[PDB]
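In: Fold the stuff below for me.
(one chain, ligands or ions: 2)
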Amino acid sequence: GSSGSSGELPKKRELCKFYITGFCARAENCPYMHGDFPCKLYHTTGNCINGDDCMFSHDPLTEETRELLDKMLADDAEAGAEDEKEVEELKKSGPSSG
Ligand SMILES: [Zn+2]
Ligand SMILES: [Zn+2]
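Out: Residues are numbered from 1 along each chain as shown. Ligands and ions are numbered 1, 2, ... in the order given. Structure as follows:
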C-alpha cells in the first residue's frame with residue numbers, strides 16, 4: 001500500500017451484520033464489507049481457529065482497513081451484553097440394564 005487514500009463515495013466499509021452468519025439478502029448489493037474485510041481473531045491474537053479455509057480475509061492490515069477495526073471493536077467491546085454460561089457435564093452417572 002502506497003496511496004492509502006480512498007475516493008469519497010457512498011460505500012460502507014463495515015462488517016455487515018449479516019455476513020457474520022452468511023444470510024445476507026443483498027449479496028452484490030451489500031454496501032458493507034464481506035470478504036475483503038480483515039479477520040478479527042486472526043488479529044486478536046494472531047492465529048485464526050478456522051485456519052487457511054477461513055470465511056474472512058487474512059490480508060495484511062492497511063492504513064485504511066486498520067481504521068475499521070478501531071471502530072468495529074470499540075463498538076462491540078464497549079457495547080457488551082451478558083450471556084448465560086456453564087460447564088457441560090462430561091458424563092453423568094447412569095443406571096444398569098439386564
Ligand atoms: Zn451483507
Ligand atoms: Zn480468520
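In: And residue 11, how far from residue 28?
Out: In this view, residue 11 and residue 28 are 13 Å apart by Cβ to Cβ, to the nearest Å. No exception for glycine: its C-beta is placed from N, CA and C like everyone else's.
In: Out of the two, name the residue with the larger neighbour count.
Out: The residue with more neighbours, out of residue 11 and residue 28 and counting by other Cβ atoms under 10 Å, is residue 11; that gives 11 against 5.
In: wouldn't the more buried one be in contact with residue 30 here?
Out: No - Residue 11 lies out of contact with residue 30 (Cβ atoms under 8 Å); the separation is 10.2 Å.
In: the helices in this protein, which residues?
Out: 41-44, 63-78 (DSSP state H).
In: hey, which of those is tucked in deepest?
Out: Compared across the helices of the chain, helix 41-44 shows the largest average neighbour count, a mean of 14 (mean count of other Cβ atoms under 10 Å).
In: Residue numbers of this structure in contact with ligand 1?
Out: 16, 18-19, 24, 30 (Cβ under 5 Å from the ion).
In: what about the residue nearest to the spatial centre of the chain, distance to residue 55?
Out: Closest residue to the average C-alpha location of the chain: residue 40 at 5.2 Å, with Cα atoms, centre = their mean. Applying Cβ to Cβ, the value for residue 40 to residue 55 is 12 Å.
In: now the helices of the chain in TSV, with distance to ligand 2?
Out: Converted to TSV, those look like this (distance: least, Cβ to the ion, whole Å):
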stretch	distance to ligand 2
helix 41-44	4
helix 63-78	13
